[PDB]
Structures are given as C-alpha cells and as structure tokens.
Amino acid sequence: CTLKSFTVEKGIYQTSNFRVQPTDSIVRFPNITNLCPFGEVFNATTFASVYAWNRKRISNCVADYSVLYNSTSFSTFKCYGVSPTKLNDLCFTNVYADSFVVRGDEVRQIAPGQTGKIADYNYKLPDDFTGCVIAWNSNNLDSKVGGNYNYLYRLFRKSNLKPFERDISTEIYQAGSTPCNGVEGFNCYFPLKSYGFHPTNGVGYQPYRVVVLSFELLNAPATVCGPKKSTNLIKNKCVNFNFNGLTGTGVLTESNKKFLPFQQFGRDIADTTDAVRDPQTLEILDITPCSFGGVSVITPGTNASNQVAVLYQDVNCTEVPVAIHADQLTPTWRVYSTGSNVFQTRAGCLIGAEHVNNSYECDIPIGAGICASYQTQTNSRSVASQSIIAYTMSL
Amino acid sequence: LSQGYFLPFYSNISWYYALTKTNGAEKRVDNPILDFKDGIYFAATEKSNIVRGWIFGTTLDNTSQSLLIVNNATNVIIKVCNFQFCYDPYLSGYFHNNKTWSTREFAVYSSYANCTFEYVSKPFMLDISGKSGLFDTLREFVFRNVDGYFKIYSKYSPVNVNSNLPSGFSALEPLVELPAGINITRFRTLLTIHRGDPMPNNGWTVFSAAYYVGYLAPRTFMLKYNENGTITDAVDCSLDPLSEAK
Amino acid sequence: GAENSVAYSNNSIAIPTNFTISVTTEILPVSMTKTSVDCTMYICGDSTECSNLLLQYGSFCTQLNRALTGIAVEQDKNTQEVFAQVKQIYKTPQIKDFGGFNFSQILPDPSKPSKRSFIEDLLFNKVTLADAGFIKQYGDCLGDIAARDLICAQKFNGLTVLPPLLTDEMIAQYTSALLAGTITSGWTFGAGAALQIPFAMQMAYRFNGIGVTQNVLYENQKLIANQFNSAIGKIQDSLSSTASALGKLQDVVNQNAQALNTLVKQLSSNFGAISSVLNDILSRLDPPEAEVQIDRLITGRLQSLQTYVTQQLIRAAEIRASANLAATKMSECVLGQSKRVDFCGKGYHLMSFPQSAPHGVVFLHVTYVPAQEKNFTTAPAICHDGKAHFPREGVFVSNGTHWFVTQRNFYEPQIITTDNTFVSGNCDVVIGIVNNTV
Amino acid sequence: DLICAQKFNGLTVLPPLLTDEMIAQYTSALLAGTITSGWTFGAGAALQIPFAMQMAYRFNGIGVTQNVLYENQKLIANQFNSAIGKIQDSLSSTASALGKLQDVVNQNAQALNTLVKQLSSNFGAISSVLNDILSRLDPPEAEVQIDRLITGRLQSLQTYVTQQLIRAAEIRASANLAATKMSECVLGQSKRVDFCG
Amino acid sequence: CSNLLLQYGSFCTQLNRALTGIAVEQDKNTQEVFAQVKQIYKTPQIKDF
Ligand SMILES: *[C@@H]1O[C@H](CO)[C@@H](O[C@@H]2O[C@H](CO)[C@@H](O)[C@H](O)[C@H]2NC(C)=O)[C@H](O)[C@H]1NC(C)=O
Ligand SMILES: *[C@@H]1O[C@H](CO)[C@@H](O[C@@H]2O[C@H](CO)[C@@H](O)[C@H](O)[C@H]2NC(C)=O)[C@H](O)[C@H]1NC(C)=O
Ligand SMILES: *[C@@H]1O[C@H](CO)[C@@H](O[C@@H]2O[C@H](CO)[C@@H](O)[C@H](O)[C@H]2NC(C)=O)[C@H](O)[C@H]1NC(C)=O
Ligand SMILES: *[C@@H]1O[C@H](CO)[C@@H](O[C@@H]2O[C@H](CO)[C@@H](O)[C@H](O)[C@H]2NC(C)=O)[C@H](O)[C@H]1NC(C)=O
Ligand SMILES: *[C@@H]1O[C@H](CO)[C@@H](O[C@@H]2O[C@H](CO)[C@@H](O)[C@H](O)[C@H]2NC(C)=O)[C@H](O)[C@H]1NC(C)=O
Ligand SMILES: *[C@@H]1O[C@H](CO)[C@@H](O[C@@H]2O[C@H](CO)[C@@H](O)[C@H](O)[C@H]2NC(C)=O)[C@H](O)[C@H]1NC(C)=O
Ligand SMILES: *[C@@H]1O[C@H](CO)[C@@H](O)[C@H](O)[C@H]1NC(C)=O
Ligand SMILES: *[C@@H]1O[C@H](CO)[C@@H](O)[C@H](O)[C@H]1NC(C)=O
Ligand SMILES: *[C@@H]1O[C@H](CO)[C@@H](O)[C@H](O)[C@H]1NC(C)=O
Ligand SMILES: *[C@@H]1O[C@H](CO)[C@@H](O)[C@H](O)[C@H]1NC(C)=O
Ligand SMILES: *[C@@H]1O[C@H](CO)[C@@H](O)[C@H](O)[C@H]1NC(C)=O
Ligand SMILES: *[C@@H]1O[C@H](CO)[C@@H](O)[C@H](O)[C@H]1NC(C)=O
Ligand SMILES: *[C@@H]1O[C@H](CO)[C@@H](O)[C@H](O)[C@H]1NC(C)=O
Ligand SMILES: *[C@@H]1O[C@H](CO)[C@@H](O)[C@H](O)[C@H]1NC(C)=O
Ligand SMILES: *[C@@H]1O[C@H](CO)[C@@H](O)[C@H](O)[C@H]1NC(C)=O
Ligand SMILES: *[C@@H]1O[C@H](CO)[C@@H](O)[C@H](O)[C@H]1NC(C)=O
Ligand SMILES: *[C@@H]1O[C@H](CO)[C@@H](O)[C@H](O)[C@H]1NC(C)=O
C-alpha cells in the first residue's frame, strides 16, 4: 500500500503507517454539569437598546442549545469561526452575550462586514468575531398594541463606531455649520430615535432579538462546556481523545511535566499539543502519536516469496510491542512484534530475520553495517525451508 | 515577529513629579490631561504608594462615558460611568490618629449616573504610609482600548534608585481585560495628597513620587517566549540598524 | 595580496635549493544526512479524515519519497565510491620500519575499542553532529519532563533520519586498508593485487613522479622523515586547537539539521488557514467547512515538503559533485600520484592519506613546495664544436664562470657531459647560446 | 525603466566583491608569473625563467623536444603573434565573446524581468493590483484575494530561487572547471587531451 | 499585507538564505578562479620575451 503496487521488488521499504486504527474515544470534560441560564439570557423580559447593548459573563455552564428547541425557532443562527455541529463538542474559556433588539430587515446587518445605521452607529461587529450570532423574531414579546417605543437606535453620529465599542452620548448632532450649543431646532438633531415596534407591521419592521455570543477559547481553564458526556480514561492505548474540545488521536500517558496553575495544555515546537491537563483528575497526561515512524519492511520479492522482515528504527527490542502498541495490531503483525529471531542492531530492532554470525556480501542494505539476504536453508539443516537471514555486511 | 502598538524602545517619555519642597513651601501636584492616542505606558516610582488612580475618556465629563481606576486601600475599583469630574481631580489620604488610613474623600468627580460598568478585583490591602528613604517600588502598566476591550497589563517590582526610571527590560503580564466599550482619547492620573496631622496648618501635603507617560505607536517587535509563555526578551525592529538586522 | 614584482630575466634563472615537505589538509564532504519523510504523519498526523483529504487531493508523496529514497541510495553509493574503494581489507602492517616516517597518529591503534586513528579522533571530536550522529532511542523521546527536543519533534512529525549503511568503524576499516596499501604497496593495489614495496623507495619513486630524482631522498632521508613528522604533528595540533576540521563538513551537517528544523517549525505556518493547529481546525468546523482550511494546510505543507525535497535534491547534487571529486582524489592521489597542478596540494604532490570524518573525508596531501631560491645565469643550447647542445633533464645554469647542467626543481649542479646533454642543429641559429665547456 | 521597477519591487543586484580592476590585477599577476616564472609560481615562490626557455620546456612536455623551438624560434614567435593577431581581429567583429557569457547575463536579466512581470499575474485573485484589492474589499473579504496573491507571488519567488539554485549549480560547475583549467592550463601544462585546446 | 505575510508563513528567511548562499558562492567562485595566489606580480617591464 505504501508503494501503491501489487508487486513489490526485493529490497527494504519505508512503509508509512497502517498498523493502528483507534477503536476507542475518550471525553474528559470537567465537573460542571450545571444547566446554563438560557432563560435568564434568551427569555429575558426586555433586552437592551442596540445603542446601549448589554453584555454579560456566562460563567460555569453547560451550553446545550437543545433545551431552547421548544422555546423558539432561531431564524438566524449564523456561526463564525466555529461550525454549529461542533458547538456540542467544545469548551469555551470565555463567553459573552451581547443581547439587543433590532428591526428584522437589520438582522442581516449583524455581521462582520456590514454597513448601515446599526453597523455604523450602533453595534459594529468586528472582523475577527469568532463567536456567533443568534437572532429570532420577537414580535410576540417586544411589541405593544400601541407600539413599543423603547429600543432606541442612534440615527446620526459624527463617525463610524469601532468594533464592540459602545456609545451613549445624548448630545446634539449638527447637520450643518450652525452651532446648536446643546439645544434642538431645525438643523439640530437628537441622535437617538425610537423604533416603534407595532405588532401588525411588516416582518422587516417587526422586532428581532439578537444575542451575539462572542466566545474565546484560550489556554485558561475551561468555563463553559458542551453536553458531551465524559467517558473513562485509557492511558496506554491509541485512542481518540477530546479533553476540553481539544480533539486528537494519540496515546495518553502519565507525565511529570509541570504546568502553570491555569494551563490546560502544552505545546511542541510544532503546533501540536504534547501534554494536556485532564480537568477532572487535574493530572497532566503526555500525548504521543499513534503512528510510529521508522518501520521498514524487508522483502525478497513477492514473486520470490511472501516472508518479510521488519526493522523498527531506533527502538529497544523489548519495547517494540509497547512502541508499536502490538495489542491493537492484527495477529499477523503481532508475529513480527515478538519472537526468537529478534536480532538487535544499532540501526534498530530487526524482527523476522534469522541473524547469522557468518559474513556474506550485502544483498539488502539494512543500516549500521548489517545486510539481509534470502538464503536457501533447505540444503543446510536437514529438511529446512528457504528463509531470510540477517548478518554483518562483509567489506 | 509581531506587528502591534508598542512603546518604542528609547522613546521620549514624559516625567512628572509629586513632591513637597523644604518645610512645605513648593507643592508639586500635577494631574494634566494627557492624550491617550493609541494606548499608553504608565510607570510609577514611589516609596509611599501615592499614584492610586486613573481617569480615561474623551471629553472627561458627564457628556461622555468615562473610566475611573482607584487602587485604594480596600480593593481596586474600576468604574466605567458618566463621571462628571471636577476641575482638579485628586484623592485625599485621610490619616487617623490610630496610625490607620481612612482615605475616603473622593475629590475626583462631583457625580455619576446612567452608567454601565463596575468591577472589583483581588481583595487586598496596600499601605500609603510615609517611609523614609527613596522610591522603593516601580509599578508599570500598559493601557489599551482595542476592539471594545480596555486592556491593562501590569508589572510590579521593588527597586531602590535615586530617581528617573531605572534602565531595564520589563515584559508586562496580562493583568485584566475589561468589556468596557468606550471611546478614550484623553486621560489624567490620580495622585493622593496627605491630610491629618503632619503639620498643624492642616493644609495640603504630599509625599515623594514620580509617574511616567509614554505613547504607544504601531511598530514591529521580535518577541521571545519561554516554556511558561512569558516574554523574556524583545527587539524593536525600527529602533536602529542592529535591531532591524535582528 | 602582497606585491611581489619578480624581475624578468633575459638570461637568469631562479632554482630553489631547498624544499619543504608540507602536509596540506583538505576536507571534502562525501555524504549528507539521508532522511525519510512520512506522508500523513507530517501533513496530517494521526487523522483519518485528513488522511482521506490527502488521498483525494493527490499522490504527491509517493513521488516525494521516491526522490528521497533516490537521495539516500545515492548517499550510500557516494560512500561506496569514496570510502569503499578497494574491498580487500588490508590490516595494519605490524612491521613499522618505514624509514623514519611514522604514521603513528594516522594508522589506527588497537588500544581503544574503536579502530579509529588519533587524527580521526580529533576530526570526529571537532564536528559536533549535534543532530543525528548521536544515538537517540524511542524510549528517550517517550519519557521526558522538561521539553520535547527538536529530534523528538521530527520523529513524531514523520521526519526520520536513516542511519548510513556503512558504520563509522567499518569506514575506518576502509581507510585503514587504504592506508596499509599506501604504506606497503603505495599505488599498485589500486590496479591489481597489492605489490609490497618498502616505504622509502616508493617515496623515492613519488619524488621521481614530480621531476625530482631519487638522488634527493636517500641523501636526505632522515630530514625527509623528520620534516614529514613535524608537518603531521603541526597539522595535528592545529586540528586540535583551530577547529578548522569544521570547514565544509560542519556546514553540511548544520545545513541538514537546519533544513529539518525549518521543516518542523514550518508546521506552525497557517498558509492562509484559520490556524496551523490541525486539531483546532478539526475540532471547530464541520467536515465541509473544515475541508477548505485543511486543503489550504495540505497545500502549504505539501509545498513545504516539496521545497524541502527540492533543495535536498540540489544539495545532493552538490554532495554528489563533491563525492565524485573525493573519489577522483582517492583514486588519483591515494591510489597514485596525480600530475595535475594544484589538484592534491599547493606544491608538487607526493601522496595523500584518507581520514574518516563525519559525512566526509580528510586528505593529508603531502607536497614538495620548494623554497630557498637562488639567482643564477642561464643560457640554452650551449655552442660546442659549432653545434648547439640542449640539456636532457637539465637547465644550463651558471656559477661564476662555471656552467652546470642542473635539475629543474633542486639545485644539484653537474658538469656538462654528452650523456646528459643532447646535440642537434647547427649553433648560431639558436638565439641565446654559449659554450665555454665540455 | 526595468531596473527601476526591479529596485522598487524589492529585487536588488548586489555588486560583486571584486571590482573589474581587481580582476584585471589578478589576471595581470597571473600573466606576469606565467611570462616570467611560467608555472613555478603555482606551487611556491615565482622562479624567474626567460620566456623562450619555459616555452622550450612546454615543448618538452608535449613530446616535441626543445630542438624544435630555438631552431624555429623567430618563426614561432611571429606565428604566435600572427595567431594572437587573428584573435585580435576576429574577436573585434565576430561577436564570439558573447558566447555563453552573454547567455548567462541575458538569462539573469530575463529571470529578473520575468519576476517583475509576474506581479501582473492575478493568480486567481480579482486583480494583480494589490492596492485595488485593498481599496475595494474589507479586511475579511480581502483576506482571500491577498492570500491568493501571496501564494502566487511566493510561488514565483520560490520558482525564481529554485531556478537560481540550478543556475548556480551549473555556474559552479563551470567555475570549478575554470579553476581546474587555470590551475592546469595556466599554472602548468595539462597532459589531458583536448582540455586546454 | 505585511501582517498577512507574517501569519501566512516564514518562507522569505529560507529564500534569502538560499540567495545569500548563492551570492557567497559567486564570490567564492571568483576567489577560487581568479585570485588563487596571494602575491600580486606587477608587469615585467623587461619585455624581451
Ligand atoms: C472618539 O472621540 C474623539 C474626540 O472626542 C473623536 O474625534 C473627533 O471626531 C469628530 C468627528 O469626526 C471631529 O470633528 C473631531 O475633530 C475629532 N477630534 C479629535 C481630537 O480627533 C473620535 O472620532 C471618537 N472616536 C470614534 C470611533 O467615534
Ligand atoms: C475604596 O473605594 C471603594 C469604592 O468606592 C470604597 O468602597 C465603597 O464604600 C462605600 C461605603 O463604605 C459603599 O457604599 C460602596 O458600595 C463601596 N464600593 C465598592 C466598590 O466597594 C472603599 O470604602 C474605599 N476604601 C477606603 C479605605 O476609603
Ligand atoms: C438616567 O437616565 C434615565 C433614562 O432616561 C432618566 O430617567 C428618565 O428621566 C426623564 C426626565 O427627562 C423622565 O421623563 C423619564 O420618565 C425617566 N425614565 C426612567 C425610566 O426613569 C434619569 O433621569 C437619568 N438620570 C439622571 C440623574 O438624570
Ligand atoms: C516557569 O514558572 C515556574 C513557576 O513560576 C518557575 O519555577 C519557579 O522558579 C522560581 C525561581 O527559580 C522559584 O523561586 C520557584 O519556587 C519556582 N516554582 C516552581 C513551581 O518551580 C520557572 O523558573 C519558570 N521558568 C523560567 C524559565 O523561569
Ligand atoms: C633545508 O631546510 C631544512 C628545513 O628548514 C633545514 O633543516 C633545518 O636546519 C636547522 C638548523 O640546523 C634546524 O634548526 C631545523 O630544525 C632543521 N629543520 C629540519 C626540518 O630538520 C636544512 O638545514 C636546509 N638545508 C639547506 C642546505 O639549506
Ligand atoms: C611552416 O609553415 C609556416 C607557415 O605557418 C611557413 O612560414 C611561411 O612561409 C611562407 C613563404 O615564405 C610565408 O609566405 C608565410 O608568411 C610564412 N608564415 C609564417 C608563419 O612565417 C614555413 O615556411 C613552413 N616551413 C616548412 C619547413 O614547411
Ligand atoms: C415545549 O414542549 C411542550 C410539551 O409538548 C409543548 O406543549 C410546547 O409547545 C413546547 N414549546 C414550544 C415553544 O412549542
Ligand atoms: C419565559 O418566561 C415566561 C414568563 O416568566 C414563562 O411563562 C415562559 O415559560 C418562559 N419560557 C422559557 C422557555 O423558560
Ligand atoms: C469530578 O467528579 C467525579 C465524580 O463525581 C469525582 O470522582 C472527581 O473527584 C471530581 N473532580 C473534581 C476536580 O471535582
Ligand atoms: C533495552 O532495555 C533493557 C532493560 O533495561 C536494557 O538492559 C537494554 O540495554 C535496552 N536496550 C538498549 C538501550 O538498546
Ligand atoms: C553465531 O555466533 C555467535 C557468537 O557467540 C553465537 O552466539 C551464535 O549462537 C551463533 N549462531 C547463530 C547466530 O545462529
Ligand atoms: C520630548 O518631547 C518634548 C515635547 O515635544 C520636547 O520638548 C523634548 O525636546 C523631547 N525630548 C527628546 C529627547 O526628544
Ligand atoms: C612516532 O610517534 C610516536 C607517538 O606519537 C612517538 O612515540 C615516536 O617517538 C614517534 N617516532 C618518530 C620517529 O617520530
Ligand atoms: C634575485 O634578484 C632579484 C632582483 O634583483 C632580487 O630581488 C633577489 O633578492 C635576488 N635573489 C637572490 C637569491 O639573489
Ligand atoms: C665556443 O664558442 C666560441 C665563440 O663562438 C668559439 O670560438 C669556440 O670555437 C667554441 N668552442 C667549440 C668547442 O666549438
Ligand atoms: C662558485 O662560485 C663561487 C663565487 O663565484 C666560487 O667561489 C666557487 O669556487 C664556485 N664554485 C664552482 C663549483 O663553480
Ligand atoms: C638577451 O639575451 C639574448 C641572448 O643571449 C641576447 O642576444 C640579447 O642581446 C640580450 N639582451 C639584453 C640586452 O639583455
């Protein structure tokens, strides 16, 4: 499968990896299990005005939107930087609500790149928002039979708002070059105007409640987590792990590294997490790749034979079953994990070749001055079999 | 390599004093309305903890949302409100006869109403009692207003120098990020002036302190991290040819 | 450089009256660190869905691994072409009476466990090999506390360093066989079997091969031996202290290590994706939305691997050129005496000694390098009996009123005789001629 | 100009460390040592020898004994002059000095000009004008186009550098050949057939 | 665009390293061809060759 050919010639080949496929999944979300208030956030009697929009901490929580399903249907549930399907497999270190009420035709203005009175004078979502926006029609709630004239919106402003920057002024806006000194008039403008959400208006003029859930995931301890159920911990097998939304595939081991009191995972030189703090036991688990790079296959040729040898590069012959995790391999692989002809070289551990103390010329260069050859043992040891041998190369 | 708003190395930094001259003759209390621009670096050298607050905003009155930081004895109090500040804000440290501090005067603002943000962090006590000697502490802060977030970074260090901002490298750790969505262009420091029984005139007196204001500019910095994630060294690419080669 | 205006001489010559057997040293890379790159382990790591994306993306890495395997096989072939040389493994000639020439620090000693000479010891000490020369086990990388090393990152990211087929000790055995054949046969073992010859007289023949007759050696033999020993000791000390053995070899080793470290550190490049952490992409986006970012990452890391392999092929072209040069110098100065000028030393080549060095070979070129010049007056085709006479292996230089036919590169004046000068042509047709002799 | 565009687009030509006059001084020193010492200055100190004698030894080194040189000496000199005179004239009008050197110079100039012209390639972006991309799209929507342009221009730079590495490999082969020739053809007399003529 | 190139990757250090190697190799080629000797001999005014 590495060479992509049903016929393999005599030699030594660096097979990439096909031994191990993880069969177990590990989830280690912390001890929160407390239903987060989505009736104290989504089911509030009154939200803020878009100019004076509210913002709140969410604190320790399980964020399961499934509880809201028979409460209201979210017409707008666009999510940025995070897919909705993954929202149940994640933990968030910080979450903010950013709730307000707008007109329907203006919900499309709650987006990173948008222009309009809401997106220029009122809210101005940033360009790297990485949270996501929930919006739903609230004409049943935020509408009085005479029209609800709360939810002020800033109509004029001398400059565009900055991302996430609020602005309460109550000043007087100058259209022309005639000072108002703080009094109203004809060229003088009050910068805020009331929506006027009557119940029987067009759907574009009916109120919509928007919750701009801006959440960030850092190396801090997780604060809000999804509904995912925490499983047990497997500490010697190649598994799929998901600790606080940080998924991966590897072997978890006891580690003696020291983390900061608020550090959840370590990092390698590359952008790979090599250690993670299990948030239930608070232990530190080292993460090792499932794939073991260094396995070379020594073949005399498929037309010649099917017996092969395996060189495991830079490993101890005792550690080979643990290095390649021979428990999860098929028995045909487990034949080459342990045995009698487990000759140890400087290049690595050679299993499947009968090491001989004779010095023949090189046939298949193995490494560290050792060569393999497919020799006729039938004429050697009474009635024996054609077999692979390894030896020190002859100079 | 990171492009951002940094305090450029060897920048021109405004030094301000707070000191009483001989026998209470020349009084140095200075709370100028400096410009915030693109965030600031503020360094305080003191023996008695006298630099105890900050004002942030644009118009610095009830016209615009403002920010007050008060690092008084009981706590640190960060209040984003419509603070109608008086003309010459300062804190007045009341000293009790029992060698205790009752530093509650609030000569910083005349009122506050219709406001959004309140914050209190890390219940702790810090003394402002007079200490003989020189400035024993150097406290550094970086103040930013980015993406609706008021960021404060801090570094505290006991140092004994005669004066004038001892030379060295300081990497300021993230202290607190506040969800205050306000516009900030101008700011002024809050010092505390002593009262009680230091001299029977019962006027105003101050202890020796200095504070330093530097301006953040858009530069590129080459930063180095250790395994803890702490910045241990930094290069200002625009400072000089050697730093640009680095 | 220094201005050295030499006075052109219409009739004068400068014959050097005293040489300087100098052991120049050159260092030639012979091989580079051969590496293997795993497709999915680098590009994707342990991910089934990223593996599927890389499968449907294309089959680049079969070609990449074919190129890398070609590079590794060529590295082994270069090492065979230079070090392997003669397969007959000649052992050290216990009889060490080499006419004064010592070879004590160039021929290996059985005292230490490794049959590696002391000059080879200094060479192997000078080159750090801080990346792959040391032995690192999987147990070392599995258990660690402080921080994962660069080599552990490379191993866990699909980057492996394949050990060379020829062990350093058997490389030293090749070099010891070459040295034994050179100090017992000299050059005859480069054509057929080794033909034994006492070192002094094959040394005399090596002078014969630079126009300096054997009349020099047996007359100066102790001086020749002591000069060679002093030169070998001086280069030994300089090698001990000047760190000049780094040269090309340390540059090659650092180049390979830096290329591997660049490949590892370039896994943190976003390439336009949301992040370089593949698991953060895979743990925040649905497979459709995640496919765009993972394809950007696949393209970026495939380009990184392609660049790595491209300058690996270019570097292996340079290494193959240097190894062909090393084989040419091995089979023209260790197996013979090259007549090319400045091919195996500044002066007139005498021989060369191969020394194993990390991923390379060191040549101790022994050269003639004459000195102690002396002005004489020269005139060709002396007119005797009305006929021009020309010097057979002579120059026709003059002392005061005395004309001596003299060897080219060594002032050994001799009287004019017909068995040393050949007559041809009438005299007076030749431009600068004078007899007064023979 | 082309060179102004290359300079303004980050492509600079570093001058060689040796100026042409230092190259001429090296060549003059080599010529002086060759017409006064011949070849002895390639090993140790230059050893003075009249030119009509080192030419006799150069005859001796091709199997033609010195009895040939002086007995034809004058003619030989004139013939060489005639020979040199011919390359004095043909080189003045045949444009043969271009050869592979003009090819190298044109190759490098064309590579740099190609690199400059690749800045007009869209690479799948809306336009190759980075400022028109940056003056028509917000940072998010411009991320995609600028990343496409970055990938394209990075691939152009990578192709330029890879072809420069291959060109420097062949230039290094020719420079090793030139060093071997000047060490053998100029600092001695090569016995290789068809190496120095 | 500089920020985008910064987060995109760090290729240009590699590219400039390759180009600097090329330039140093050009200087070394010139040194190994032309210089090759450390004695500058001036023209032999005596022209009777
Ligand atoms: C933050 O406040 C400052 C000043 O309070 C604003 O700057 C002023 O903007 C108006 C309208 O564009 C101009 O007429 C003034 O000349 C500006 N003054 C200064 C000193 O810049 C600034 O626009 C505000 N920021 C935002 C995002 O609204
Ligand atoms: C430091 O400042 C805080 C903030 O004003 C003071 O705490 C206030 O105390 C009053 C009366 O005790 C209360 O009504 C407020 O609610 C408190 N506010 C907060 C935020 O705590 C505190 O008393 C000051 N400390 C001193 C020593 O004066
Ligand atoms: C703070 O803002 C509120 C909201 O506007 C003010 O309360 C309103 O005051 C006006 C007076 O012009 C009344 O007509 C409204 O009925 C009030 N509304 C509410 C909900 O109280 C309040 O006056 C402001 N604070 C101060 C000190 O002026
Ligand atoms: C990373 O952080 C740890 C913990 O703060 C540092 O270890 C401390 O080092 C100081 C100074 O040697 C000691 O006084 C503490 O007792 C140590 N604490 C622990 C938990 O070990 C460590 O030095 C930091 N890393 C670096 C490079 O400074
Ligand atoms: C030729 O050169 C050699 C080496 O320079 C001379 O031998 C040296 O003689 C001096 C004086 O006795 C000693 O101090 C050196 O140690 C000797 N060196 C060696 C290598 O033995 C030799 O005398 C010279 N011969 C002539 C004729 O000039
Ligand atoms: C060898 O060839 C040369 C030509 O290269 C002959 O010299 C020429 O003689 C003719 C007749 O006198 C002149 O017209 C030419 O100009 C001469 N050329 C040169 C280079 O001098 C020479 O005579 C020939 N000798 C023999 C023996 O054949
Ligand atoms: C919630 O579930 C109950 C039980 O069936 C149902 O009657 C109710 O309508 C649901 N809520 C909504 C908003 O439909
Ligand atoms: C929202 O609040 C109202 C009033 O308290 C209540 O009747 C309703 O059931 C609440 N809905 C949810 C989903 O909690
Ligand atoms: C988490 O909960 C489990 C089960 O109740 C318990 O065994 C464990 O000690 C808890 N850990 C923490 C840190 O609360
Ligand atoms: C493998 O482990 C055994 C057990 O400690 C040890 O004796 C042996 O030396 C190891 N092999 C190595 C390190 O190559
Ligand atoms: C080969 O020789 C070794 C040397 O002791 C011996 O141990 C071994 O049994 C011999 N036979 C083999 C390896 O088949
Ligand atoms: C610092 O700025 C002030 C105000 O412009 C100026 O007067 C002073 O000369 C500056 N100092 C330096 C060292 O640039
Ligand atoms: C040869 O070298 C050895 C060891 O360096 C030394 O003991 C011996 O005296 C040397 N002999 C000669 C002749 O140089
Ligand atoms: C040879 O002559 C030159 C020119 O006068 C002089 O510089 C040099 O010293 C002389 N050398 C000897 C050995 O006489
Ligand atoms: C040597 O040359 C001189 C000058 O021409 C001449 O007189 C003399 O006869 C020549 N001697 C011989 C042996 O030819
Ligand atoms: C060499 O020349 C010197 C000085 O002219 C003289 O004293 C000596 O006798 C001459 N010897 C020979 C062999 O010509
Ligand atoms: C140069 O040498 C030639 C041959 O001896 C002679 O004919 C000529 O006159 C000499 N010229 C001078 C003055 O050096």
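Letters A, B, ... mirror the listed sequences (proteins, then strands); counts begin at 1. In each ligand, atom 1 is the first atom listed, and ligand 1 is the first ligand listed.
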**Q.** Check: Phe199(C) ring centroid to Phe103(C) ring centroid under 6.0 Å
**A.** yes
Q: Flag the pair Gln264(A) / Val276(A) as yes when at least one side-chain heavy-atom distance between them is below 4.5 Å, and no otherwise.
A: no
(Q) Taking NZ in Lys258(A) as the centre, count heavy atoms belonging to other residues, nucleotides or ligands within less than 6.0 Å. Is the count above 12? (A) no
Q: Mark up the atoms of ligand 13 that fall under 4.0 Å of a heavy atom belonging to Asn229(C), in ascending order.
A: 14 (O)
**Q.** Protein residues having a heavy atom less than 4.0 Å from any atom of ligand 9
**A.** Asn31(A), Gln280(A)
Q) Can you list the atoms of ligand 13 that are under 4.0 Å from a heavy atom of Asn102(C)? A) 1 (C), 2 (O), 3 (C), 8 (C), 10 (C), 11 (N), 12 (C), 14 (O)
Q.
Is there a polar contact, in the sense of an N or O pair closer than 3.5 Å, between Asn316(A) and ligand 10?
A. yes
Q. Taking everything shown except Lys234(C) itself, do over 12 heavy atoms lie less than 6.0 Å from its NZ?
A. no
Q) So, for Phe292(A) and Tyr138(C), is the gap between ring centers shorter than 6.0 Å? A) yes
Q | For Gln105(C), the ligand 13 atoms whose distance to one of its heavy atoms is below 4.0 Å | A | 5 (O)
Q) Is the closest side-chain heavy-atom distance between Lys96(C) and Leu107(C) below 4.5 Å? A) yes
Q: For side-chain hydrogen bond (donor to acceptor under 3.5 Å, both in side chains), just list the numbers for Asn17(A) and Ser291(A), CA-CA rounded to whole Å, side-chain angles, deciding distance to a tenth of an Å, and then say yes or no.
A: CA-CA 6 Å; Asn17(A) 195 49; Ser291(A) 315; 3.0 Å; yes
Q: Answer whether the closest heavy-atom distance between the side chains of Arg19(A) and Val295(A) falls below 4.5 Å.
A: yes
